[PDB]
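Rule-based calculations on the coordinates, nothing more; no lab input. Every residue, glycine among them, receives a Cβ derived from its backbone with ideal geometry; neighbour counts consider all protein chains shown.
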């Protein structure tokens, strides 16, 4: 297919050092995953970058979602438009270790991926969410059964994830 340049980790998990925004713009996947919070406030990290690329359309849509449905749960998700990036955006809430949220909910977060055949995704709970990215990758591999293309922005982290993989 249209995903190019990925390293194969397992039958179904692939990884690349790339900016998820640029990779979504190039591939136009059916599903891109956002590293959301429960309020769908897309201020920083992956979420802030994805929202900026939609010219704030993602935030306007998300505010309407919250006004109608209320917050998500940690570990939960919702499917909204992908705007100019993808057909759909799967907004998934991983635990934020800096807020004291239970890291076990990371498995529940990744289970949402199994409802979609192919996804372009970041590592959940990494970056500003405070979890160890090596652990997040392990939970991903052990939980997701569908085809997941992981984009890791930081080259030094990418190299560490690949070279420590087991």
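Worth pointing out:
- Taking region 86-106 as the range and being crowded, with 16+ Cβ neighbours inside 10 Å and either under 24 Å from residue 22 (Cβ atoms) or touching a helix residue (DSSP H, G or I) at 6+ places or on another chain (Cβ under 7 Å) (or both) as the test, the residues that pass are 86, 88, 89, 90, 91, 92, 93, 94, 95, 96, 103, 106.
- Complete set of residues in region 26-48 that are in a helix (DSSP H, G or I) and under 15 Å from the mean Cα position of the chain (by Cα): 45, 46, 47, 48
- When residues of region 49-74 are limited to those that are in contact with a strand residue (DSSP E or B) (Cβ under 9 Å, 6 or more places away or on another chain) and in a helix (DSSP H, G or I), the one farthest from residue 24 (Cα to Cα): 69
- Selected residue (only one of 150, 123 is under 22 Å from residue 96 (Cα atoms), within 15 Å of the chain's Cα centre (by Cα) and assigned to a loop (DSSP other than H, G, I, E, B)): 123
- Out of 141, 74, 60, sole residue that is in contact with a helix residue (DSSP H, G or I) (Cβ under 7 Å, 6 or more places away or on another chain) and either surrounded by 15 or more Cβ atoms within 10 Å (Cβ to Cβ) or free of Cβ contacts under 8 Å to residues at least 40 places away in the same chain (or both): 74
- Residues in region 77-116 that are in contact (Cβ under 8 Å) with a residue 12 or more places away in the chain, assigned to a loop (DSSP other than H, G, I, E, B) and more than 23 Å from residue 149 (Cα to Cα): 2 in all.
- Evaluated against (1) part of a loop (DSSP other than H, G, I, E, B); (2) closer than 23 Å to residue 153 by Cβ; (3) free of Cβ contacts under 8 Å to residues at least 12 places away in the same chain, residue 11 falls short on exactly one condition, (2).
- Scanning region 38-47 for residues that are under 18 Å from residue 106 (Cα atoms) and touching a helix residue (DSSP H, G or I) at 6+ places or on another chain (Cβ under 7 Å), we see that the one that is surrounded by the fewest Cβ atoms within 10 Å (Cβ to Cβ) is 39.
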